[PDB]
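I have placed the structure first, in the form of structure tokens, so that the comments after it can refer back to it.
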Amino acid sequence: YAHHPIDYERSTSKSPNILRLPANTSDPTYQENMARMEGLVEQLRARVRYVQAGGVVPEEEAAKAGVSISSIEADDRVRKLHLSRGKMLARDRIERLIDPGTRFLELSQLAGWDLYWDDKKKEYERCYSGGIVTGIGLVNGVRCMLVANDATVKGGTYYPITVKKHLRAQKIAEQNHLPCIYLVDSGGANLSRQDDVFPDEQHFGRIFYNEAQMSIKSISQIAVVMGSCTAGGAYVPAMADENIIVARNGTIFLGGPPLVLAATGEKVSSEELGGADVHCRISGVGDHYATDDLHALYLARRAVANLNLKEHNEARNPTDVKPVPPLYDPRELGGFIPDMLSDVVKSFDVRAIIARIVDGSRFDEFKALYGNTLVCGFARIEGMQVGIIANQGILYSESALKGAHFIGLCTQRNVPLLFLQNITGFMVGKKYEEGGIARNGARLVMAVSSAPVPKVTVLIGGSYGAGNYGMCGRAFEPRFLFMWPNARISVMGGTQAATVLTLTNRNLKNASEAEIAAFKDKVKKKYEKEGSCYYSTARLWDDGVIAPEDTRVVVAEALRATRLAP
Amino acid sequence: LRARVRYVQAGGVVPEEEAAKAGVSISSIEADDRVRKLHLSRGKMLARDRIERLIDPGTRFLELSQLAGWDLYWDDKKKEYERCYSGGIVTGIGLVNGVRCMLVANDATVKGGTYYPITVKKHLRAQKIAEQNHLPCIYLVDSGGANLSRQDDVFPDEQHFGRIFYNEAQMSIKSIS
Amino acid sequence: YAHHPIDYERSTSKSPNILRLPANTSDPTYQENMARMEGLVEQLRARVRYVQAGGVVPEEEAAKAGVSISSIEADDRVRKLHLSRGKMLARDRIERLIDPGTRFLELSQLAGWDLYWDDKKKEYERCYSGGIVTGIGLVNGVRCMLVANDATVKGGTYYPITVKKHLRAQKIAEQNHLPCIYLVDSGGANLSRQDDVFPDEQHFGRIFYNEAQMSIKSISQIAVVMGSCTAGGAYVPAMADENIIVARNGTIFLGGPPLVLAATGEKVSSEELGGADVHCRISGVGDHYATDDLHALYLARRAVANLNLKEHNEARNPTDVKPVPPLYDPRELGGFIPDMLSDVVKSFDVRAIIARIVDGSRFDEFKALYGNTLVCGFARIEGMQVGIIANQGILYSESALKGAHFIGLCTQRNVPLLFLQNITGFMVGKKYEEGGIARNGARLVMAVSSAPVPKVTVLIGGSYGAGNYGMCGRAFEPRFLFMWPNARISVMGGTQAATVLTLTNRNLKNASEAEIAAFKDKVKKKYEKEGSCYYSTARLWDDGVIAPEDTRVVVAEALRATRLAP
Ligand SMILES: O=CCCCC[C@@H]1SC[C@@H]2NC(=O)N[C@@H]21
Ligand SMILES: O=CCCCC[C@@H]1SC[C@@H]2NC(=O)N[C@@H]21
């Protein structure tokens, strides 16, 4: 009918239905939300600074961070003493190591935030980081995993949060075939929590297991020995394609200098006990002997160069690309996010978020009239086709079917998946249970777990209960996890668990007010005591923590990380 | 050769009425024009137009099988053959959005019945070609159901209407969407 | 509760629930059914005899077969003339070729039964067979496909039913890796239906295509040239690992003896034109030159011996096994089958049939309370575990789901499948259509076609319409098909098509009786004019035709045929 184009015009124009046009009006509601978000990011963006240069914050105005006041002078004294030795006490080794003008990720940050409670009731162990810093680094045109042991040995070298971080880094590198670089500085072991860190599985032995399984798959790895690595820490220099020992302060020992005493205590110099022995000794241990920190870092870079990965990365990830920005300003991402601590769940939207994040502000909807709860479709993220699952409302059987169908197509055509978690939302109606809802949930989870597609999840907010099993979860092998500040990970019910567990717990009929004070308030305190900031990341649950505004850059880092894969 | 093509194209409606270069018998042009008018009033394009709308401009096309079912069946009327201007479908290789694809379109000719022993064979030939060459298929579906007259010839046995369903699953096994 | 066994006793006893105890009472209803069956088998079992020794039935009492009287004297004269030549005119070559005490199948029989209508109105072409005889034969401990060209050349060598039979045999052999043996006697081609048999595809060229594709897969094939094979028939002796030419009457030609005349007509002896030339000619054509029929058959057997397949077959199919019979008498199979030509569908059962066929009369039911329409479960057939799908009633969505689940398990564990076809039975209710019944039917057909498991189907009765797409059909690659006498293969409706097509066909409101006489009676005649005996097998639709009583033996032949497969 008076309409005869050739699909384009209708396409390739600034007027295709594919795009999205949710324009906000900045009203009170927007302000209430936008403002809060701002109230939910300032310190997130801040604590980072405090742990960075940990314990030395000369401004002394860090009231925006709820961190307790710490003895700045002690940390400054320790840093001065350490830097007088001739080694750089910072993450400086990293940004010296990575090529200028390139990107970085800082995979796990704020690790071990106020984790352990000391004997002093008001004092926690001052683990500003997990004892290491981990991030994806691009060296000499080669993408690599960077792990650096921090010089914080006051509490002890490695904790249940340190070895877990190291093992997570090793698993990520092995999955993605990114070579690792380890910067080694250790105080040995922790002889206090040794039962928690040494024996059992997924412990310090699995590091040695991984450093051999990698070299089986011919994924070369490199370690730099800046200081002592004793107590089983001396095997990494031994199990290494290339290793670096600094001329003066680089030391490697299987038995400590105190250990020779009380067992043939003919004590001699710490150099002769296994440290950097530049005298043409009989031992052929340690590939590189470098006179200075810069010399060692330079030789590490030079060894990284001769791996032939530059051609493969350059072919797989195009270095010269034209950035395509979204149609709407990314600062608006905080506004559509609702507020917090609201008796009844507030309202929420997804279209706006996806239209703000994706390229050209576009989307490819599958069936949206049907199973209106769940959202699935294709997209574009900086030159790469992506699939997104974002959740909105209370799940039905049909939503599970649609999810299974989408995941089937994505696995069929080798399209990566992105997850945006939300509430559990399993209806409890009797008719729904009689309609085989459990079978359809199984249909969804089977497809989720069976998918060989790389998978990344990011918390939008309100991910509580067994609903994440429908979409995705840490136990379903997501190659990366990141989080927004307004996240709560809890039991099958965030608010309802309060009501349900109020009924069935040794309660007399009378004393109703005192009981709800003792029951409902207490369970609310329990189920929102956990949050994005503490229960997560600090314990390497969903290790990555980010800002809602800069999500697309992070996801693009992740996707470039997962295309060197076999 | 170059001409009959034109006649089956816009089949049965040749306003020039000078198609003596084609030995085709004179057909009731008014009936076909009436049918096409009624069909286009419905809101759907009665032609191969769906195809050249679907394929990118400036690109090529093949029209794999043409003149299909040319004067094939002899009707009860001795001087009349069944007016199957095409095989009931049109098949050609099409390049869509930079992607080469097989295009199969069911014609709206349902006067004789949807599918014949020449229609299912054309569809199956297209499916075999696509599977051999790993070109994805696009089917434009318009049907009058089945043909309950030659049903023994088209429904049972092998290489029939079931093999279409067989191929549409064997393709998705090989991940050829 | 006072019950503490160890599973057996409860098991390994003559009282396990696994078995089945449907005992008949031989009542009128049984008689009506049992008797009819008997009325449905006598001639089935008989025509076989008539085509066997075709056209020569000395009893002349073959009134039990509706076959028209034929000139017996002419056929006897032809057979006498042919046997005077020195070659055995019968299937005798086969049972001479196969080891004594072994089995045989006769894959396609009654082929080309009264197919073509001649110029004479009351006369059909006398193709007692398809011109060939095909059956699975076990030679020298090696299972092989046997194809023998009958000496019936009165109508012409090969027909649209002959080449289809040959190609079906070749496809079966290639799928099952059974070597073929061809017994070649030809009158050349048929220059009357040549357009129907020579050009196009799936024709005489595909025989030559298959005889080369087999030798690519190293599946050796053997041909015996008893008489002339001209008109493209001379390539099979040329395309053969081993070929046999009889000393006197074995001839091979690319150009006929009449063909030399009118084109340099220097006629010479038919021996010199390409026949058996035992004079040490320059041609190295034809491996074996045998003085007698027995000598040629013996050399064929000797060549078959040196293939090394005996060890592989003996390992795969155990030669020394203990037969386990069912608990109930197989003669009762005809009784549970209802009668025929009944206005409204009669009643039917399945349990009894499966309990009569399987080993030990046992079964392994999946969910039978749910989707009570369709039947699926495991079984035992002569030492081999089997899966059976037998249909009973009108299909639902849940029946399709159960079928898909069963086929999934069977493919997962590599269990063969058996099909017992029945009515279409797709409900037309609006609520059922609104419940996504089409999606569930697609779910079923997808699993049916995708299954790599060997598949065999046998017609129980009433297989009409698109319902077979749910279970299985010829277009879904069943490696064998067999049929019972009471079978009807028709449009989506056997009885209802009459009612529906009565309404919508140029009918005036009045003249109702004359119209139903002209409409309903006519469509009934059309939709039951087709049947098991004519429309099937004779046209190689479901090529195998059997008796209901001897089904388990046939299915056991089929399963042993499908374990030499790769
Ligand atoms: O429309 C009313 C039904 C609401 C169901 C909410 C589901 S039921 C289980 C889960 N726990 C909750 O508190 N909400 C979800
Ligand atoms: O109970 C009433 C429903 C009857 C369904 C009859 C089924 S629907 C498809 C098939 N075609 C027929 O003519 N009858 C069956």
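Letters A, B, ... go to the chains of the structure tokens in the order shown; residues in each chain start at 1; ligands are counted from 1 in the same order.
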Practice prompt. Quick one: everything within 7 Å of region 119-130 of chain B, counting only C-alpha atoms, minus sequence neighbours fewer than 3 positions away in the same chain. Send it as a list in words.
Written response: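 Counting only the stated atoms, we get residues 87, 88, 89, 102, 115, 116, 133, 134, 135, 136, 137, 160, 161, 164 and 167 of chain B.
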Next, write the just-selected residues to a file, as an mmCIF file, in the first residue's frame, keeping C-alpha atoms as the atom set.
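Wrote it out as result21.cif, contents follow:
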```cif
data_model
loop_
_atom_site.group_PDB
_atom_site.id
_atom_site.type_symbol
_atom_site.label_atom_id
_atom_site.label_comp_id
_atom_site.auth_asym_id
_atom_site.auth_seq_id
_atom_site.Cartn_x
_atom_site.Cartn_y
_atom_site.Cartn_z
ATOM 1 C CA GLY B 87 6.127 -25.288 -9.861
ATOM 2 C CA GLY B 88 4.094 -23.442 -7.265
ATOM 3 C CA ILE B 89 7.306 -22.027 -5.793
ATOM 4 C CA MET B 102 18.805 -20.010 -0.583
ATOM 5 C CA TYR B 115 1.871 -28.962 -3.644
ATOM 6 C CA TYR B 116 2.410 -31.403 -6.524
ATOM 7 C CA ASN B 133 26.687 -25.779 0.107
ATOM 8 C CA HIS B 134 25.937 -24.582 3.673
ATOM 9 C CA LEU B 135 23.785 -21.726 2.456
ATOM 10 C CA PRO B 136 21.030 -20.873 4.963
ATOM 11 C CA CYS B 137 17.487 -21.113 3.602
ATOM 12 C CA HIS B 160 7.994 -36.826 -0.080
ATOM 13 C CA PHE B 161 6.530 -34.272 2.298
ATOM 14 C CA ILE B 164 11.122 -31.792 4.127
ATOM 15 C CA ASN B 167 15.887 -32.016 6.213
#
```
Item to complete: Collect all residues with atoms no farther than 10 Å from ligand 2, counting only C-alpha atoms and all ligand atoms, and output them as a list in words.
Response: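 Final answer, ordered by chain and number: residues 393, 394, 395, 423, 424, 425, 426, 427, 428, 429, 464, 465, 466, 467, 491, 492, 493, 494, 495, 496, 497, 498, 499 and 500 of chain C.
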Practice prompt. Counting only C-alpha atoms, collect the residues of chain A whose closest atom lies at most 10 Å from chain B, and write them out as a ChimeraX atom specification.
Written response: /A:1,4-8,409,411-413
Item to complete: Pull out every residue of chain A that has at least one atom within 12 Å of chain C, counting only C-alpha atoms, and report them as number ranges by chain.
Response: A: 398, 401, 435-436, 439
Restricting it to N, CA, C and O atoms, dump the selection as a PDB file, in the first residue's frame.
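Contents of the output file out_34.pdb:
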```pdb
ATOM      1  N   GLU A 398       7.002 -19.833  31.010  1.00  0.00           N
ATOM      2  CA  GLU A 398       7.262 -19.354  29.656  1.00  0.00           C
ATOM      3  C   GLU A 398       8.543 -18.533  29.587  1.00  0.00           C
ATOM      4  O   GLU A 398       9.262 -18.595  28.585  1.00  0.00           O
ATOM      5  N   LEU A 401      11.231 -21.056  29.307  1.00  0.00           N
ATOM      6  CA  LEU A 401      11.297 -21.595  27.953  1.00  0.00           C
ATOM      7  C   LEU A 401      11.993 -20.631  27.002  1.00  0.00           C
ATOM      8  O   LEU A 401      12.846 -21.040  26.197  1.00  0.00           O
ATOM      9  N   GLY A 435       1.453 -26.906  36.970  1.00  0.00           N
ATOM     10  CA  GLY A 435       1.730 -26.766  35.553  1.00  0.00           C
ATOM     11  C   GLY A 435       3.135 -27.172  35.160  1.00  0.00           C
ATOM     12  O   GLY A 435       3.607 -26.823  34.076  1.00  0.00           O
ATOM     13  N   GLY A 436       3.812 -27.913  36.031  1.00  0.00           N
ATOM     14  CA  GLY A 436       5.164 -28.364  35.743  1.00  0.00           C
ATOM     15  C   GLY A 436       6.184 -27.251  35.680  1.00  0.00           C
ATOM     16  O   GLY A 436       7.026 -27.232  34.773  1.00  0.00           O
ATOM     17  N   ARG A 439       9.835 -28.564  36.060  1.00  0.00           N
ATOM     18  CA  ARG A 439      10.415 -29.103  34.833  1.00  0.00           C
ATOM     19  C   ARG A 439      10.972 -27.993  33.955  1.00  0.00           C
ATOM     20  O   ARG A 439      12.046 -28.142  33.365  1.00  0.00           O
TER      21      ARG A 439
END
```
Fill in: Contact residues around residue 462 (chain C) with only C-alpha atoms at 10 Å, ignoring same-chain residues under 3 positions, as a ChimeraX atom specification
/C:345,421-424,459,465,486-490,494,531
Worksheet, complete the sentence: Closest of C:220, C:129, C:313, C:562 to residue 456 (chain C), counting only C-alpha atoms, is C:562
Discussion item. Just want the 12 Å neighbourhood of residue 246 (chain A), counted on only C-alpha atoms, with same-chain residues fewer than 6 positions away dropped. Output as a ChimeraX atom specification.
Written reply: /A:86-87,183-185,223-228,252,275-278,286-297,299-300
Worksheet item: So which residues touch residue 317 (chain A) within 10 Å, counting only C-alpha atoms, skipping near sequence neighbours fewer than 4 positions away, as a list in words?
Response: residues 312, 313, 321, 559, 560, 561, 563 and 564 of chain A
Next, the residues of the selection above should be written as a PDB file, in the first residue's frame with N, CA, C and O atoms.
```
ATOM      1  N   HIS A 312      49.159 -13.299  16.861  1.00  0.00           N
ATOM      2  CA  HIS A 312      47.881 -13.949  17.121  1.00  0.00           C
ATOM      3  C   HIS A 312      46.891 -12.980  17.758  1.00  0.00           C
ATOM      4  O   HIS A 312      45.723 -12.924  17.350  1.00  0.00           O
ATOM      5  N   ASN A 313      47.343 -12.190  18.738  1.00  0.00           N
ATOM      6  CA  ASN A 313      46.450 -11.203  19.352  1.00  0.00           C
ATOM      7  C   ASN A 313      46.049 -10.116  18.364  1.00  0.00           C
ATOM      8  O   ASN A 313      44.885  -9.705  18.320  1.00  0.00           O
ATOM      9  N   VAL A 321      40.391   0.395  15.467  1.00  0.00           N
ATOM     10  CA  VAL A 321      38.940   0.337  15.350  1.00  0.00           C
ATOM     11  C   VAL A 321      38.363   1.717  15.625  1.00  0.00           C
ATOM     12  O   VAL A 321      38.976   2.552  16.292  1.00  0.00           O
ATOM     13  N   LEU A 559      35.353  -9.194  27.046  1.00  0.00           N
ATOM     14  CA  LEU A 559      35.181  -9.917  25.787  1.00  0.00           C
ATOM     15  C   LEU A 559      36.490 -10.022  25.013  1.00  0.00           C
ATOM     16  O   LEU A 559      36.774 -11.060  24.402  1.00  0.00           O
ATOM     17  N   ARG A 560      37.300  -8.960  25.014  1.00  0.00           N
ATOM     18  CA  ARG A 560      38.632  -9.063  24.423  1.00  0.00           C
ATOM     19  C   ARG A 560      39.497 -10.050  25.190  1.00  0.00           C
ATOM     20  O   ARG A 560      40.421 -10.638  24.620  1.00  0.00           O
ATOM     21  N   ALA A 561      39.224 -10.229  26.488  1.00  0.00           N
ATOM     22  CA  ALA A 561      39.972 -11.207  27.264  1.00  0.00           C
ATOM     23  C   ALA A 561      39.613 -12.635  26.870  1.00  0.00           C
ATOM     24  O   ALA A 561      40.432 -13.547  27.028  1.00  0.00           O
ATOM     25  N   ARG A 563      38.750 -13.945  23.776  1.00  0.00           N
ATOM     26  CA  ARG A 563      38.869 -14.344  22.383  1.00  0.00           C
ATOM     27  C   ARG A 563      40.244 -14.888  22.022  1.00  0.00           C
ATOM     28  O   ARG A 563      40.455 -15.259  20.866  1.00  0.00           O
ATOM     29  N   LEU A 564      41.175 -14.931  22.973  1.00  0.00           N
ATOM     30  CA  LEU A 564      42.397 -15.700  22.769  1.00  0.00           C
ATOM     31  C   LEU A 564      42.162 -17.180  23.040  1.00  0.00           C
ATOM     32  O   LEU A 564      43.023 -18.016  22.743  1.00  0.00           O
TER      33      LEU A 564
END
```
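Picture a line from CA of residue 90 (chain B) to CA of residue 140 (chain B); it runs 9.7 Å.
Within region 288-319 of chain C, DSSP run on the backbone puts these residues in helix (DSSP H, G or I): residues 293, 294, 295, 296, 297, 298, 299, 300, 301, 302, 303, 304, 305, 309, 310, 311, 312, 313, 314, 315 and 316 of chain C.
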Atoms kept (C-alpha atoms) for selection, written as a PDB file, in the first residue's frame:
```
ATOM      1  CA  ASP C 293      26.479 -73.201 -12.749  1.00  0.00           C
ATOM      2  CA  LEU C 294      27.639 -75.139  -9.699  1.00  0.00           C
ATOM      3  CA  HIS C 295      31.264 -74.257 -10.486  1.00  0.00           C
ATOM      4  CA  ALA C 296      30.410 -70.547 -10.727  1.00  0.00           C
ATOM      5  CA  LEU C 297      28.390 -70.572  -7.510  1.00  0.00           C
ATOM      6  CA  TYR C 298      31.229 -72.437  -5.797  1.00  0.00           C
ATOM      7  CA  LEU C 299      33.810 -69.872  -6.915  1.00  0.00           C
ATOM      8  CA  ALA C 300      31.508 -67.070  -5.743  1.00  0.00           C
ATOM      9  CA  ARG C 301      31.364 -68.729  -2.328  1.00  0.00           C
ATOM     10  CA  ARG C 302      35.143 -69.188  -2.321  1.00  0.00           C
ATOM     11  CA  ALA C 303      35.735 -65.511  -3.112  1.00  0.00           C
ATOM     12  CA  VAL C 304      33.246 -64.495  -0.412  1.00  0.00           C
ATOM     13  CA  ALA C 305      35.278 -66.585   2.024  1.00  0.00           C
ATOM     14  CA  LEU C 309      34.473 -60.748   7.944  1.00  0.00           C
ATOM     15  CA  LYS C 310      33.845 -64.081   9.686  1.00  0.00           C
ATOM     16  CA  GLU C 311      35.756 -63.097  12.820  1.00  0.00           C
ATOM     17  CA  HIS C 312      34.039 -59.715  13.039  1.00  0.00           C
ATOM     18  CA  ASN C 313      30.514 -61.123  12.623  1.00  0.00           C
ATOM     19  CA  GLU C 314      31.169 -63.992  15.038  1.00  0.00           C
ATOM     20  CA  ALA C 315      32.428 -61.564  17.671  1.00  0.00           C
ATOM     21  CA  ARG C 316      29.588 -59.093  17.149  1.00  0.00           C
TER      22      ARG C 316
END
```
Practice prompt. For region 111-115 of chain C, work out the shell of residues within 6 Å, counting only C-alpha atoms and skipping chain neighbours fewer than 5 positions away, then give it as an MDAnalysis selection string.
Written response: chainID C and resid 124 127 129:130 538
Discussion item. Applying 12 Å and only C-alpha atoms, which residues near residue 15 (chain B) remain after dropping the ones on its own chain fewer than 4 positions away? List them as a PyMOL selection string.
Written reply: chain B and resi 6-7+10-11+19+27-30+32-33
Using only N, CA, C and O atoms, please write the residues we just selected to a file, as an mmCIF file, in the first residue's frame.
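Final output, saved to again_24.cif:
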```cif
data_model
loop_
_atom_site.group_PDB
_atom_site.id
_atom_site.type_symbol
_atom_site.label_atom_id
_atom_site.label_comp_id
_atom_site.auth_asym_id
_atom_site.auth_seq_id
_atom_site.Cartn_x
_atom_site.Cartn_y
_atom_site.Cartn_z
ATOM 1 N N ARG B 6 8.882 -14.749 -19.456
ATOM 2 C CA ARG B 6 8.100 -13.567 -19.139
ATOM 3 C C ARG B 6 6.663 -13.928 -18.872
ATOM 4 O O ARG B 6 6.056 -13.369 -17.969
ATOM 5 N N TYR B 7 6.114 -14.853 -19.644
ATOM 6 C CA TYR B 7 4.704 -15.228 -19.510
ATOM 7 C C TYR B 7 4.351 -15.892 -18.174
ATOM 8 O O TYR B 7 3.300 -15.623 -17.600
ATOM 9 N N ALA B 10 4.520 -13.082 -13.890
ATOM 10 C CA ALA B 10 3.185 -12.502 -14.027
ATOM 11 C C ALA B 10 2.281 -13.474 -14.772
ATOM 12 O O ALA B 10 1.634 -13.138 -15.766
ATOM 13 N N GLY B 11 2.260 -14.710 -14.280
ATOM 14 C CA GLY B 11 1.638 -15.825 -14.974
ATOM 15 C C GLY B 11 0.172 -15.641 -15.294
ATOM 16 O O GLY B 11 -0.635 -15.318 -14.418
ATOM 17 N N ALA B 19 1.647 -12.709 -27.530
ATOM 18 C CA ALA B 19 2.582 -13.772 -27.183
ATOM 19 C C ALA B 19 2.440 -14.953 -28.132
ATOM 20 O O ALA B 19 2.319 -16.101 -27.693
ATOM 21 N N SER B 27 -5.088 -18.241 -22.602
ATOM 22 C CA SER B 27 -5.701 -18.499 -21.308
ATOM 23 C C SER B 27 -6.560 -17.306 -20.912
ATOM 24 O O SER B 27 -6.383 -16.190 -21.406
ATOM 25 N N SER B 28 -7.501 -17.560 -20.003
ATOM 26 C CA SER B 28 -8.404 -16.517 -19.535
ATOM 27 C C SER B 28 -7.626 -15.525 -18.684
ATOM 28 O O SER B 28 -7.414 -15.748 -17.488
ATOM 29 N N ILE B 29 -7.203 -14.422 -19.306
ATOM 30 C CA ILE B 29 -6.424 -13.409 -18.601
ATOM 31 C C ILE B 29 -7.267 -12.745 -17.521
ATOM 32 O O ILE B 29 -6.762 -12.381 -16.450
ATOM 33 N N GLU B 30 -8.562 -12.569 -17.790
ATOM 34 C CA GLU B 30 -9.421 -11.851 -16.858
ATOM 35 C C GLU B 30 -9.534 -12.584 -15.529
ATOM 36 O O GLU B 30 -9.561 -11.958 -14.466
ATOM 37 N N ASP B 32 -7.304 -14.602 -14.074
ATOM 38 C CA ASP B 32 -6.067 -14.432 -13.322
ATOM 39 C C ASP B 32 -5.947 -13.016 -12.772
ATOM 40 O O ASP B 32 -5.518 -12.826 -11.628
ATOM 41 N N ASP B 33 -6.321 -12.013 -13.568
ATOM 42 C CA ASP B 33 -6.273 -10.643 -13.069
ATOM 43 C C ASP B 33 -7.243 -10.449 -11.913
ATOM 44 O O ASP B 33 -6.928 -9.757 -10.940
#
```
Fill in: Selected residue, from A:529, A:463, A:504, A:514, that lies nearest to ligand 1 when counting only C-alpha atoms and all ligand atoms
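Smallest distance to ligand 1 is found for A:463.
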Discussion item. Please report the interatomic distance between CA of residue 141 (chain A) and CA of residue 180 (chain A) in Å with one decimal.
Written reply: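 Taking CA of residue 141 (chain A) as the start and CA of residue 180 (chain A) as the end point, the length is 14.4 Å.
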